[PDB]
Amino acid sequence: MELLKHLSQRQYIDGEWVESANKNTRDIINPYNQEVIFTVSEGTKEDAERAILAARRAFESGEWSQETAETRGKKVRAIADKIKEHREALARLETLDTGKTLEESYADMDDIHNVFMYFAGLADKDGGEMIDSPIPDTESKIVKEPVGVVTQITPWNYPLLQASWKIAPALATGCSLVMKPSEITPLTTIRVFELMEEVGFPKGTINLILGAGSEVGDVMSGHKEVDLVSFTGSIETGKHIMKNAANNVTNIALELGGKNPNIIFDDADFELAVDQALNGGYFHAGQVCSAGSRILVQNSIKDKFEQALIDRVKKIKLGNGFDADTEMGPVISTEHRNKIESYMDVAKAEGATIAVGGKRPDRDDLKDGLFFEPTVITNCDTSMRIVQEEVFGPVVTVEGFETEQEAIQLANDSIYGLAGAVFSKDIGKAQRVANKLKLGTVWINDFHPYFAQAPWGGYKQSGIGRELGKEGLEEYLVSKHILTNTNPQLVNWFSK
């Protein structure tokens, strides 16, 4: 609330903070108490178009795209340093806007600093290749250029974190960008734009559009001046975005959700597996792309595991993200909580058991917030909607498996392929399983870790492309083969 008195309420287009063309606004809510905490501009499709045209003009001017990579790196580093400088206020703003614990928000800010620092350091480390040409008297080189004008659409769960994954490489490579954060969580994205403006970028290089205005998304994914659309969010919206991008054969990078398996063998460190099953299921109330919502446990220890998990779930502390004792905050919005609630009905109707949770808590200090109890669903199977579909809430399912081969078959039996884990003290076995899982990231005896040094993304319906790592940077580059004939001679194919 302190920081909010100085935070911008506007969009940032072509070097200026500007309101919506029609003066529309949106009230931003704190999910802990459903109170309005801020009011921001709700931009129009014409605003989005203007931002894209500004990004294109800036790209063509070359002020950023032709800046030295070393200098671009120094600027990205300056953003990183600002994130660290404002770590406390940023973490508080993120907890206020998204509801997650302040400790989780601090962790995000540490990661965000590291993301910008990594890409700053990567900016000037390539440039392309020299090719030994198969044609005598020619020089062949591949030059890597910025892809161009990029549109970036981020989700509500980790707004600034996901923004950093897109902004850092775009700026390091010399692109121009237009970003639109989730309409319900724009606060830390507005703040990072203020911080980037303090660092200084050429007019139009960076643009922030706010809202969920009519056709705003369609303009960001379907405009002819866009070279890459990068979207993180729901599968249905991602598919729509990809179909729109097709209208101009535009590159797409998508990170959609997952149905992430947490595979626990009977020779896992049992108390570790229980601890990490809770962590996988319930960090940020399960509102994580890579949440471990699908637990697969070996039959021999399944009963022991379920009882241990359930007993721990009953003790999870719900409350205000600002209170140090809180272990799990509320879910993000009324609409999202309703969707979670509707999945409980689906689960029961198809024959699954709600072993614990599965409703809103009654406690007085939680009544005004968007809370939902941490939930464990048992007696289910792979045919069920509750197992196959991403609920994106504080909910896990538990299925048993007999053998290593069955664990792999079940884990791969989904439309998704983002991340997962294998818990076993037999590292050779864990490695065998990891090699067979169709997942972008596999953890052995861990759950959740990601970092700027390694690419992240999904097989199958979890996405297209990668974020983070050298591969993440590559989404923002395009290759050009320049072939010079150093002794050109007439071909004389056509008669003289």
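The numbering used is simple: start at 1 and walk along the sequence shown.
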Looking only at C-alpha temperature factors in the entry, 90-98 or 173-181, the higher average sits in 90-98
Stretch exceeding the other in mean C-alpha B-factor - 436-444, 30-38: 30-38
Residue of maximum C-alpha B factor among 209, 277, 370, 80, per deposited coordinates: 370
Deposited CA B-factor, highest of 243, 385, 144, 74: 385
With respect to C-alpha B-factor, does residue 261 fall in the lowest, middle or highest third of the chain as deposited? lowest
In terms of its chain's C-alpha B-factors, the third that includes residue 113 is the lowest
Going by the recorded CA B-factors, say which third of the chain residue 23 sits in, lowest, middle or highest. highest
Please place residue 430 in the lowest, middle or highest third of its chain according to the CA B-factor in the PDB entry. middle
Among the modelled residues of its chain, the C-alpha B-factor of residue 66 falls in the third labelled highest
